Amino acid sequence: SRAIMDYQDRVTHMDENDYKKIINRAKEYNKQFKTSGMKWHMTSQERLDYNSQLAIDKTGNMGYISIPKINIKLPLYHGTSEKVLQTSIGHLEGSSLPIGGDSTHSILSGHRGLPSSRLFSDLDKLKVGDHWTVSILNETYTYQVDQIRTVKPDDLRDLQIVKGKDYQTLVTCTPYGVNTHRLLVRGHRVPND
């Protein structure tokens, strides 16, 4: 959790105009999805823009996710490279940034456990009604489970932009140790506690 400590410490010394610039750019970014839908076919240009969003250093670390029910607190990174997923949670690069907004759908991915790290091992313990939060800069974003689906790897029907909705889906492999399917835990934006 040193990544999280380092991230927190960095945010502590940012000007309040620093938050505003970064948050505003991320909001502007997330505005595109209402017309564009998911950006499965992301161009080099778009990928460069993406990497600059919610970035306060060169690590790719966007913030961190908290799932009290299963005792997870992990750093969130740009993209879903094997490097990222070996120790942290990845953000699917063509999905909306995890600050939500109207007509957005952010997708976060994590291995269903590795030899010495739980990651999203216990994602199956989550139930409709449960909450998680993502912390980005000085702000909190809360999501509440409203749909749980198990699907084939190529089924992207539950992973689309829905107009007038603010969604975040947590994705991992399933069954545990078999990994033939994908477990999708969708939540919608709710007010912070």
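Residue numbers run from 1 along the displayed sequence.
When the two stretches 149-157 and 26-34 are set side by side, the higher mean Cα temperature factor goes to 149-157. Between the stretches 9-17 and 174-182, it is 9-17 that shows the larger average CA temperature factor.
The PDB entry gives the largest Cα B-factor of the residues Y50, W40, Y64, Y167 to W40. In the deposited coordinates, the residue among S109, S121, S103, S95 with the greatest CA B-factor is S121. For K83, the recorded CA B-factor ranks within the highest third of the chain. Only modelled residues enter the ranking.
For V162, the recorded CA B-factor ranks within the middle third of the chain. Only modelled residues enter the ranking. Sort the modelled residues of the chain by CA B factor and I99 lands in the lowest third.
In the deposited entry, the Cα temperature factor of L76 sits in the bottom third of values across the chain's modelled residues. Among the modelled residues of its chain, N138 has a C-alpha B-factor that falls in the highest third, as given in the PDB entry.
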